[PDB]
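Q: Contents are compact mmCIF, C-alpha atoms; file name structure.txt:
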```txt
# COMPACT_ATOMS: atom_id res chain seq x y z
CA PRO R 7 -14.41 -72.47 -3.99
CA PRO R 8 -15.00 -68.85 -2.92
CA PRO R 9 -12.50 -66.01 -3.51
CA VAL R 10 -10.62 -63.92 -0.88
CA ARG R 11 -10.76 -66.04 2.32
CA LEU R 12 -12.20 -64.43 5.54
CA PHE R 13 -10.82 -67.28 7.69
CA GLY R 14 -11.28 -66.99 11.45
CA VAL R 15 -12.10 -63.49 12.71
CA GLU R 16 -15.92 -63.34 12.31
CA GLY R 17 -15.99 -62.78 8.39
CA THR R 18 -17.20 -66.34 8.22
CA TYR R 19 -20.75 -65.09 8.66
CA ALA R 20 -20.11 -63.10 5.51
CA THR R 21 -18.38 -66.10 3.91
CA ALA R 22 -21.47 -68.23 4.50
CA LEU R 23 -23.62 -65.41 3.18
CA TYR R 24 -21.42 -65.00 0.11
CA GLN R 25 -21.38 -68.70 -0.82
CA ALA R 26 -25.09 -69.11 -0.04
CA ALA R 27 -25.85 -66.23 -2.41
CA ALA R 28 -23.12 -67.14 -4.91
CA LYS R 29 -25.08 -70.19 -6.05
CA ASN R 30 -28.24 -68.09 -6.41
CA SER R 31 -26.52 -65.30 -8.39
CA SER R 32 -28.03 -62.24 -6.57
CA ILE R 33 -24.87 -60.75 -5.02
CA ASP R 34 -24.92 -57.13 -6.28
CA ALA R 35 -28.47 -56.78 -4.96
CA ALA R 36 -27.26 -58.28 -1.69
CA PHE R 37 -24.27 -55.93 -1.76
CA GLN R 38 -26.53 -52.95 -2.58
CA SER R 39 -28.97 -53.85 0.17
CA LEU R 40 -26.00 -54.06 2.54
CA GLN R 41 -25.00 -50.57 1.42
CA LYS R 42 -28.56 -49.39 2.00
CA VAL R 43 -28.87 -50.90 5.47
CA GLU R 44 -25.43 -49.56 6.45
CA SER R 45 -26.46 -46.12 5.26
CA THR R 46 -29.81 -46.21 7.05
CA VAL R 47 -27.96 -47.20 10.20
CA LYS R 48 -25.60 -44.28 9.63
CA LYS R 49 -28.39 -41.83 8.78
CA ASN R 50 -30.13 -42.58 12.11
CA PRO R 51 -27.20 -42.49 14.51
CA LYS R 52 -28.91 -42.39 17.90
CA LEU R 53 -29.80 -46.04 18.56
CA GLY R 54 -29.10 -47.02 15.01
CA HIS R 55 -25.53 -47.24 16.21
CA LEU R 56 -26.08 -47.15 19.96
CA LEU R 57 -28.67 -49.94 19.79
CA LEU R 58 -26.02 -52.44 18.76
CA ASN R 59 -25.33 -53.31 22.45
CA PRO R 60 -25.16 -56.84 23.91
CA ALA R 61 -27.32 -56.17 26.96
CA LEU R 62 -30.69 -55.92 25.25
CA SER R 63 -32.45 -59.26 24.76
CA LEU R 64 -33.17 -61.97 22.32
CA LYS R 65 -36.52 -60.41 21.54
CA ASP R 66 -35.56 -56.74 21.35
CA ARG R 67 -32.76 -57.52 18.86
CA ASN R 68 -35.35 -59.36 16.77
CA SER R 69 -37.70 -56.41 16.92
CA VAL R 70 -34.94 -53.95 15.97
CA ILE R 71 -34.43 -56.22 12.99
CA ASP R 72 -38.19 -55.96 12.36
CA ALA R 73 -38.01 -52.21 12.93
CA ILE R 74 -35.09 -52.12 10.49
CA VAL R 75 -37.02 -54.02 7.81
CA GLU R 76 -40.22 -52.07 8.51
CA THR R 77 -38.62 -49.12 6.72
CA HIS R 78 -38.34 -51.16 3.51
CA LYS R 79 -40.40 -54.13 2.38
CA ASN R 80 -38.59 -57.13 0.91
CA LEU R 81 -35.05 -56.29 2.02
CA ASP R 82 -33.32 -58.33 -0.73
CA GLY R 83 -34.23 -61.81 0.60
CA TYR R 84 -31.08 -63.31 2.04
CA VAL R 85 -29.79 -60.38 4.04
CA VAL R 86 -33.14 -60.09 5.83
CA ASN R 87 -32.86 -63.75 6.91
CA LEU R 88 -29.20 -63.57 7.96
CA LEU R 89 -29.98 -60.82 10.49
CA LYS R 90 -32.41 -63.15 12.28
CA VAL R 91 -29.64 -65.73 12.66
CA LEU R 92 -27.30 -63.01 13.97
CA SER R 93 -30.07 -61.65 16.19
CA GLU R 94 -30.51 -65.13 17.63
CA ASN R 95 -26.73 -65.58 17.73
CA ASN R 96 -26.37 -62.11 19.31
CA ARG R 97 -23.37 -61.35 17.11
CA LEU R 98 -25.16 -58.19 15.99
CA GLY R 99 -22.55 -55.89 17.49
CA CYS R 100 -19.88 -57.17 15.09
CA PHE R 101 -22.14 -56.29 12.10
CA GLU R 102 -21.01 -53.26 10.03
CA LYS R 103 -17.63 -55.00 10.18
CA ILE R 104 -19.33 -57.74 8.27
CA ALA R 105 -20.63 -55.07 5.90
CA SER R 106 -17.10 -53.85 5.23
CA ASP R 107 -15.86 -57.41 4.75
CA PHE R 108 -18.64 -58.31 2.36
CA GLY R 109 -17.73 -55.12 0.55
CA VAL R 110 -14.14 -56.31 0.32
CA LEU R 111 -15.25 -59.66 -1.04
CA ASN R 112 -17.64 -58.02 -3.49
CA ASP R 113 -15.17 -55.52 -4.91
CA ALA R 114 -12.70 -58.38 -5.06
CA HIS R 115 -15.22 -60.09 -7.32
CA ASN R 116 -15.23 -56.88 -9.34
CA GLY R 117 -11.47 -56.94 -8.98
CA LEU R 118 -10.95 -53.47 -7.52
CA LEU R 119 -7.43 -54.05 -6.23
CA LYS R 120 -7.39 -51.24 -3.67
CA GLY R 121 -3.91 -49.76 -3.38
CA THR R 122 -2.24 -46.91 -1.54
CA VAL R 123 0.41 -44.29 -2.16
CA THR R 124 1.57 -43.37 1.31
CA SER R 125 3.24 -40.01 1.89
CA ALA R 126 3.78 -37.54 4.72
CA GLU R 127 1.84 -34.84 2.84
CA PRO R 128 -0.88 -34.99 0.17
CA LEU R 129 0.23 -34.53 -3.40
CA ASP R 130 -0.84 -32.88 -6.64
CA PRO R 131 -3.27 -34.65 -8.98
CA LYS R 132 -0.78 -35.15 -11.81
CA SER R 133 1.30 -37.50 -9.67
CA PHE R 134 -1.86 -39.31 -8.58
CA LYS R 135 -2.97 -39.80 -12.16
CA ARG R 136 0.40 -40.85 -13.52
CA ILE R 137 0.82 -43.43 -10.75
CA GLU R 138 -2.71 -44.74 -11.15
CA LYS R 139 -2.06 -45.18 -14.86
CA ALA R 140 1.25 -46.92 -14.21
CA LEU R 141 -0.45 -49.23 -11.66
CA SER R 142 -3.18 -49.93 -14.21
CA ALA R 143 -0.47 -50.27 -16.86
CA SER R 144 1.17 -52.98 -14.79
CA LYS R 145 1.60 -56.72 -14.38
CA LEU R 146 0.09 -56.33 -10.95
CA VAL R 147 -3.39 -55.73 -12.30
CA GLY R 148 -4.11 -58.29 -14.99
CA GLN R 149 -6.73 -55.96 -16.45
CA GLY R 150 -10.36 -56.92 -16.62
CA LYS R 151 -10.21 -55.63 -13.05
CA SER R 152 -10.07 -52.11 -11.67
CA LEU R 153 -7.60 -50.25 -9.49
CA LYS R 154 -8.53 -47.76 -6.80
CA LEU R 155 -5.72 -45.74 -5.21
CA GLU R 156 -5.55 -43.69 -2.03
CA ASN R 157 -2.94 -41.20 -0.93
CA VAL R 158 -2.61 -41.02 2.83
CA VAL R 159 -0.59 -38.66 5.00
CA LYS R 160 1.89 -40.27 7.39
CA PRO R 161 4.08 -38.24 9.76
CA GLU R 162 5.74 -41.37 11.09
CA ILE R 163 7.48 -41.40 7.70
CA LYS R 164 9.78 -38.53 6.78
CA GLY R 165 8.38 -38.03 3.29
CA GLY R 166 8.91 -39.75 -0.02
CA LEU R 167 6.24 -42.21 -1.08
CA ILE R 168 5.44 -45.90 -0.90
CA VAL R 169 3.14 -47.86 -3.21
CA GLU R 170 1.07 -50.66 -1.75
CA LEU R 171 -1.35 -53.31 -2.98
CA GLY R 172 -1.78 -57.08 -3.13
CA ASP R 173 0.38 -57.37 0.02
CA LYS R 174 3.08 -56.24 -2.40
CA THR R 175 4.78 -52.92 -1.91
CA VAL R 176 7.63 -50.71 -3.01
CA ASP R 177 9.17 -48.11 -0.74
CA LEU R 178 11.55 -45.61 -2.33
CA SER R 179 10.85 -42.97 0.31
CA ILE R 180 13.22 -41.05 2.56
CA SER R 181 12.88 -42.55 6.02
CA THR R 182 13.87 -46.07 5.03
CA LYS R 183 16.75 -44.79 2.93
CA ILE R 184 18.10 -42.73 5.81
CA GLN R 185 17.82 -45.91 7.84
CA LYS R 186 19.84 -47.95 5.38
CA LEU R 187 22.46 -45.24 4.96
CA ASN R 188 22.87 -45.12 8.75
CA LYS R 189 23.06 -48.89 9.25
CA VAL R 190 25.82 -49.29 6.65
CA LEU R 191 27.78 -46.35 8.08
CA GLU R 192 27.34 -47.32 11.74
CA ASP R 193 29.88 -50.15 11.72
CA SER Z 6 -51.45 -67.92 38.77
CA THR Z 7 -49.04 -68.29 35.89
CA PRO Z 8 -46.21 -70.82 35.65
CA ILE Z 9 -42.72 -70.06 34.43
CA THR Z 10 -41.53 -72.48 31.78
CA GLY Z 11 -38.05 -73.02 30.42
CA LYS Z 12 -36.25 -75.15 27.89
CA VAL Z 13 -33.26 -77.32 28.75
CA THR Z 14 -30.65 -76.20 26.26
CA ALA Z 15 -27.50 -77.84 27.64
CA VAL Z 16 -26.83 -80.98 29.63
CA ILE Z 17 -23.11 -80.81 30.31
CA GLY Z 18 -22.42 -83.84 32.45
CA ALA Z 19 -24.07 -82.90 35.75
CA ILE Z 20 -24.92 -79.22 35.09
CA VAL Z 21 -28.10 -78.15 33.32
CA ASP Z 22 -28.74 -74.96 31.35
CA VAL Z 23 -32.24 -73.52 31.08
CA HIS Z 24 -33.15 -70.92 28.50
CA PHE Z 25 -36.18 -69.01 29.72
CA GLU Z 26 -38.57 -66.50 28.27
CA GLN Z 27 -38.32 -62.83 29.13
CA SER Z 28 -39.47 -61.43 32.51
CA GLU Z 29 -39.42 -64.94 33.97
CA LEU Z 30 -35.81 -65.42 35.07
CA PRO Z 31 -35.90 -66.85 38.59
CA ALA Z 32 -33.52 -65.45 41.13
CA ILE Z 33 -30.48 -67.30 42.44
CA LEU Z 34 -31.02 -70.35 44.69
CA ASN Z 35 -34.54 -70.92 43.35
CA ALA Z 36 -35.43 -74.53 42.70
CA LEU Z 37 -36.73 -75.92 39.42
CA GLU Z 38 -38.58 -79.11 38.64
CA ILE Z 39 -38.56 -81.39 35.64
CA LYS Z 40 -40.89 -84.35 35.27
CA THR Z 41 -39.12 -87.47 34.09
CA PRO Z 42 -41.26 -90.60 33.68
CA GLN Z 43 -39.12 -92.11 36.46
CA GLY Z 44 -39.64 -89.39 39.07
CA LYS Z 45 -39.19 -85.66 39.34
CA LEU Z 46 -35.73 -84.16 39.05
CA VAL Z 47 -34.86 -81.06 41.02
CA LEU Z 48 -32.46 -78.35 39.88
CA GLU Z 49 -31.00 -75.39 41.76
CA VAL Z 50 -30.26 -72.06 40.08
CA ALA Z 51 -26.60 -71.08 40.38
CA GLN Z 52 -25.67 -68.55 37.68
CA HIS Z 53 -27.23 -66.16 35.16
CA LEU Z 54 -25.29 -66.49 31.93
CA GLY Z 55 -27.17 -63.59 30.33
CA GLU Z 56 -29.55 -63.88 27.36
CA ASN Z 57 -32.27 -65.16 29.72
CA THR Z 58 -30.19 -68.30 30.25
CA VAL Z 59 -29.61 -69.76 33.70
CA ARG Z 60 -27.03 -72.39 34.63
CA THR Z 61 -28.07 -74.88 37.30
CA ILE Z 62 -26.85 -77.80 39.39
CA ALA Z 63 -28.49 -81.22 39.37
CA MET Z 64 -30.07 -82.79 42.43
CA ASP Z 65 -30.53 -86.36 41.20
CA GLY Z 66 -29.52 -88.49 38.23
CA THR Z 67 -29.21 -86.13 35.27
CA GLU Z 68 -29.13 -89.06 32.87
CA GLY Z 69 -31.84 -89.44 30.28
CA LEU Z 70 -32.49 -85.70 29.85
CA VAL Z 71 -33.67 -84.92 26.36
CA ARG Z 72 -32.82 -81.42 25.23
CA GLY Z 73 -35.69 -79.00 25.35
CA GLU Z 74 -37.78 -80.58 28.06
CA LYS Z 75 -39.92 -78.01 29.77
CA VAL Z 76 -38.71 -77.23 33.25
CA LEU Z 77 -41.23 -75.69 35.62
CA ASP Z 78 -40.40 -73.07 38.19
CA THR Z 79 -41.32 -73.34 41.86
CA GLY Z 80 -40.63 -69.73 42.79
CA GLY Z 81 -38.76 -70.12 46.04
CA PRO Z 82 -35.81 -72.19 47.19
CA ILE Z 83 -35.79 -75.90 47.96
CA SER Z 84 -38.41 -76.58 50.61
CA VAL Z 85 -38.22 -79.06 53.48
CA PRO Z 86 -40.92 -79.98 56.02
CA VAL Z 87 -40.13 -78.99 59.59
CA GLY Z 88 -41.80 -79.45 62.93
CA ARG Z 89 -42.25 -82.44 65.12
CA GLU Z 90 -43.70 -84.61 62.38
CA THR Z 91 -40.32 -85.15 60.74
CA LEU Z 92 -39.00 -87.13 63.69
CA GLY Z 93 -37.81 -90.68 63.27
CA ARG Z 94 -38.04 -90.54 59.48
CA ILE Z 95 -35.43 -90.43 56.73
CA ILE Z 96 -35.53 -87.37 54.49
CA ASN Z 97 -33.31 -86.68 51.49
CA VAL Z 98 -32.29 -83.19 50.39
CA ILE Z 99 -35.42 -82.54 48.30
CA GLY Z 100 -37.74 -83.42 51.17
CA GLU Z 101 -39.29 -86.50 49.58
CA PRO Z 102 -39.02 -89.16 52.30
CA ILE Z 103 -37.53 -92.54 51.50
CA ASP Z 104 -38.47 -94.68 54.48
CA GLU Z 105 -41.65 -95.69 52.55
CA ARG Z 106 -43.72 -94.51 55.50
CA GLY Z 107 -46.02 -92.32 53.46
CA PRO Z 108 -45.59 -88.62 52.84
CA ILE Z 109 -44.53 -86.19 55.54
CA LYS Z 110 -47.41 -83.96 56.59
CA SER Z 111 -46.62 -80.73 58.44
CA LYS Z 112 -48.01 -77.23 58.67
CA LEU Z 113 -44.81 -75.52 57.56
CA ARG Z 114 -42.33 -75.72 54.72
CA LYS Z 115 -39.02 -73.96 54.91
CA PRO Z 116 -36.25 -72.79 52.59
CA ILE Z 117 -32.74 -74.10 53.04
CA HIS Z 118 -31.20 -70.70 52.37
CA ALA Z 119 -31.65 -68.16 55.15
CA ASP Z 120 -29.40 -65.44 56.44
CA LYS F 4 -39.66 -39.15 4.17
CA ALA F 5 -42.19 -39.75 6.95
CA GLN F 6 -41.39 -43.41 7.61
CA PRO F 7 -37.77 -42.68 8.71
CA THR F 8 -39.32 -40.48 11.39
CA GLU F 9 -41.80 -43.30 12.05
CA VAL F 10 -39.01 -45.90 12.42
CA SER F 11 -37.03 -43.60 14.71
CA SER F 12 -40.11 -42.75 16.77
CA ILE F 13 -40.93 -46.44 17.09
CA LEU F 14 -37.37 -47.51 17.90
CA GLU F 15 -36.62 -44.76 20.42
CA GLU F 16 -39.99 -45.47 22.06
CA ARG F 17 -40.09 -49.26 21.79
CA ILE F 18 -37.14 -49.57 24.14
CA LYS F 19 -38.19 -46.39 26.00
CA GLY F 20 -38.35 -48.44 29.20
CA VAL F 21 -34.69 -49.25 28.49
CA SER F 22 -33.43 -46.19 26.57
CA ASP F 23 -34.73 -43.64 29.10
CA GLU F 24 -33.81 -43.19 32.75
CA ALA F 25 -30.64 -44.22 31.03
CA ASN F 26 -27.78 -43.34 28.66
CA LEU F 27 -25.28 -44.91 30.96
CA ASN F 28 -23.61 -41.85 32.43
CA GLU F 29 -24.69 -43.14 35.85
CA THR F 30 -26.88 -46.19 35.14
CA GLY F 31 -26.49 -49.68 33.75
CA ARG F 32 -28.02 -53.08 33.18
CA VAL F 33 -27.05 -56.28 34.98
CA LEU F 34 -25.87 -58.38 32.05
CA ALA F 35 -24.78 -61.49 33.94
CA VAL F 36 -24.63 -62.36 37.63
CA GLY F 37 -23.15 -65.44 39.27
CA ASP F 38 -20.93 -66.52 42.19
CA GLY F 39 -21.33 -63.16 43.87
CA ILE F 40 -20.14 -61.24 40.80
CA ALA F 41 -22.31 -59.19 38.48
CA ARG F 42 -21.00 -58.05 35.13
CA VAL F 43 -22.97 -54.92 34.26
CA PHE F 44 -23.03 -53.22 30.88
CA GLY F 45 -23.08 -49.44 30.93
CA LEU F 46 -21.75 -47.07 33.60
CA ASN F 47 -19.67 -44.85 31.36
CA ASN F 48 -18.35 -42.62 34.14
CA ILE F 49 -17.78 -44.94 37.10
CA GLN F 50 -14.55 -44.63 39.02
CA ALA F 51 -12.62 -47.70 40.06
CA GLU F 52 -13.69 -48.86 43.53
CA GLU F 53 -16.91 -46.84 43.48
CA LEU F 54 -19.97 -48.03 45.38
CA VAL F 55 -22.85 -48.98 43.14
CA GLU F 56 -26.34 -49.49 44.48
CA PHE F 57 -28.74 -51.94 42.90
CA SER F 58 -32.48 -51.52 42.62
CA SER F 59 -33.20 -54.38 44.99
CA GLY F 60 -31.20 -52.67 47.72
CA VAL F 61 -27.87 -54.47 48.00
CA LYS F 62 -24.69 -52.49 47.48
CA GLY F 63 -21.72 -53.49 45.37
CA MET F 64 -18.38 -52.14 44.24
CA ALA F 65 -16.75 -52.10 40.81
CA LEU F 66 -13.28 -53.51 40.30
CA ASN F 67 -12.57 -54.73 36.77
CA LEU F 68 -13.53 -51.80 34.61
CA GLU F 69 -13.33 -53.62 31.28
CA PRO F 70 -14.21 -52.33 27.76
CA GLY F 71 -17.49 -54.05 27.06
CA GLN F 72 -18.60 -54.48 30.64
CA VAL F 73 -18.02 -53.55 34.28
```
Represent the structure of the file as structure tokens.
A:
Amino acid sequence: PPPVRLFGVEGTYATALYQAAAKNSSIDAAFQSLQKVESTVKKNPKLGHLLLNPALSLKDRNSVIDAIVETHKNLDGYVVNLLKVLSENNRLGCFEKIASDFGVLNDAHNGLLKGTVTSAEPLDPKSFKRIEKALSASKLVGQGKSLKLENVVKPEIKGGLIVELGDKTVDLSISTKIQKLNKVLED
Amino acid sequence: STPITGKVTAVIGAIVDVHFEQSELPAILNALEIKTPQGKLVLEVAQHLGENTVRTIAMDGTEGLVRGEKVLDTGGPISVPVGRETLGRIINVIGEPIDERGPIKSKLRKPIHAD
Amino acid sequence: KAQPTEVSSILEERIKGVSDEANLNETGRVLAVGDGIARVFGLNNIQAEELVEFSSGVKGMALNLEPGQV
């Protein structure tokens, strides 16, 4: 009975990983080691990224894995073994995606209910803070669990704001309201 | 000389997949042998599926194939004996005669894929 | 501090037979051939209907420029 389904699109590798490590506790370590291997891919961009190509080999993928773990002895335990499977399964290319998805599952376990406050222009901090509080002081979050919150800039909207999280949203902005005004007055 | 060995990783009906080791992928239309206890079974290379894995066509009864039997390369295409010693005898596609008149001896062997 | 340079110097020069004479502006690797069609990874500048030449000496032409492969 794991939380936040991946279901279908290649997050199942992560799902297996999660449930295999869920019974052996060590998830934060796993999560941290995933952060560390994602960062050491990012901090070596020529052929840390561009050596995630399907045309290499069985063996060269395995040795990149060995080259990857050569930088740090005892890479957690489970995430060093999972790479071998992926190296053999050649699904290495779709890998940092798995990192992001395991991150989503992990911070779901923490309960960080990532939200968003879409606008067409970034806003002051007081609005940010007051909304974050409200969102924290809400039914939505049952407390005991966090609440990130990201303002984004959207030109496709004409301004206003929309709050988003838990596939549950409120849009009191301008664009939609112009739309509704028009529709009712276009009869 | 060295041999090229491969594992049989898929028997799909009458088509056989061989996973090889690196730097030993035979080219297209190169025969392959596999030693059943009944006789030898011939395969012909048709496609390269990537990942050092080659998809082949059977040449005799592909029943009984365990996974992971070790197929052996023979380098070139399927060879037949030619010349005037083949006359009056019945040859199958692999060259092994079936008139029970002994083997076919001849100075030459030829591929069945020329331009 | 020194082992990141060691890992990069190993990794760039473990596949140096692959990663050099390379970088796919005008070269590639034959990922999968069959039935008179070769899907080749790489070739990040090739025009559609452009004559490629292989190393063994037979010429080809590219038609389905696809994302992952050619």
Q: For chain F, work out the contacting residues on chain R at 7 Å, counting all atoms listed in the file, and write them as JSON, numbers by chain.
A: {"R": [61, 73, 77]}
Q: Using only C-alpha atoms, please write the residues we just selected to a file, as a PDB file, in the frame of the given file.
A:
```
ATOM      1  CA  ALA R  61     -27.320 -56.170  26.960  1.00  0.00           C
ATOM      2  CA  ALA R  73     -38.010 -52.210  12.930  1.00  0.00           C
ATOM      3  CA  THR R  77     -38.620 -49.120   6.720  1.00  0.00           C
TER       4      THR R  77
END
```
Q: Name the residues in contact with segment 116-132 of chain R at a cut-off of 7 Å, using all atoms listed in the file, excluding same-chain residues fewer than 4 positions from it; report them as a PDB file with C-alpha atoms, in the frame of the given file.
A:
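Saved to around-v9.pdb:
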```pdb
ATOM      1  CA  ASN R 112     -17.640 -58.020  -3.490  1.00  0.00           C
ATOM      2  CA  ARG R 136       0.400 -40.850 -13.520  1.00  0.00           C
ATOM      3  CA  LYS R 151     -10.210 -55.630 -13.050  1.00  0.00           C
ATOM      4  CA  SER R 152     -10.070 -52.110 -11.670  1.00  0.00           C
ATOM      5  CA  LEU R 153      -7.600 -50.250  -9.490  1.00  0.00           C
ATOM      6  CA  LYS R 154      -8.530 -47.760  -6.800  1.00  0.00           C
ATOM      7  CA  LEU R 155      -5.720 -45.740  -5.210  1.00  0.00           C
ATOM      8  CA  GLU R 156      -5.550 -43.690  -2.030  1.00  0.00           C
ATOM      9  CA  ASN R 157      -2.940 -41.200  -0.930  1.00  0.00           C
ATOM     10  CA  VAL R 158      -2.610 -41.020   2.830  1.00  0.00           C
ATOM     11  CA  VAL R 159      -0.590 -38.660   5.000  1.00  0.00           C
ATOM     12  CA  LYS R 160       1.890 -40.270   7.390  1.00  0.00           C
ATOM     13  CA  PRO R 161       4.080 -38.240   9.760  1.00  0.00           C
ATOM     14  CA  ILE R 163       7.480 -41.400   7.700  1.00  0.00           C
ATOM     15  CA  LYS R 164       9.780 -38.530   6.780  1.00  0.00           C
ATOM     16  CA  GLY R 165       8.380 -38.030   3.290  1.00  0.00           C
ATOM     17  CA  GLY R 166       8.910 -39.750  -0.020  1.00  0.00           C
ATOM     18  CA  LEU R 167       6.240 -42.210  -1.080  1.00  0.00           C
ATOM     19  CA  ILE R 168       5.440 -45.900  -0.900  1.00  0.00           C
ATOM     20  CA  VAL R 169       3.140 -47.860  -3.210  1.00  0.00           C
ATOM     21  CA  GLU R 170       1.070 -50.660  -1.750  1.00  0.00           C
ATOM     22  CA  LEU R 171      -1.350 -53.310  -2.980  1.00  0.00           C
TER      23      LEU R 171
END
```
Q: Could you list, with a cut-off of 9 Å and counting only C-alpha atoms, the residues of chain Z near chain R, each shown with its nearest atom pair and the distance in Å rounded to one decimal, rows sorted by chain and ascending number, as a tab-separated table?
A:
```
residue	atom	partner	partner_atom	distance
Z:27	CA	R:63	CA	8.1
Z:55	CA	R:61	CA	8.2
Z:56	CA	R:63	CA	6.0
Z:57	CA	R:63	CA	7.7
```
Q: Figure out the distance between atom CA of residue 37 of chain Z and atom CA of residue 74 of chain Z, please, to one decimal in Å.
A: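 Between these atoms lies a distance of 12.3 Å.
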Q: Mind pulling up the distance from atom CA of residue 110 of chain R to atom CA of residue 36 of chain R?
A: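 Distance reported for this atom pair: 13.4 Å.
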Q: Please measure the separation of atom CA of residue 9 of chain R and atom CA of residue 111 of chain R, giving the value in Å to one decimal.
A: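 Going from atom CA of residue 9 of chain R over to atom CA of residue 111 of chain R covers 7.3 Å.
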Q: Give me, as a ChimeraX atom specification, the residues of chain F touching chain Z, with the criterion being at most 10 Å (counting all atoms listed in the file).
A: /F:33-42
Q: Let me make sure I understand: among R:71, R:35, R:147, R:13, which one has the smallest atom-to-atom distance to residue 86 of chain R if we use only C-alpha atoms?
A: R:71
Q: Take every atom of segment 88-95 of chain R listed in the file, pad by 4 Å on each side, and give me the axis-aligned box centre and edge lengths in Å, one decimal, as lines of an AutoDock Vina configuration file.
A:
```
center_x = -29.6
center_y = -63.3
center_z = 12.8
size_x = 13.7
size_y = 12.9
size_z = 17.8
```
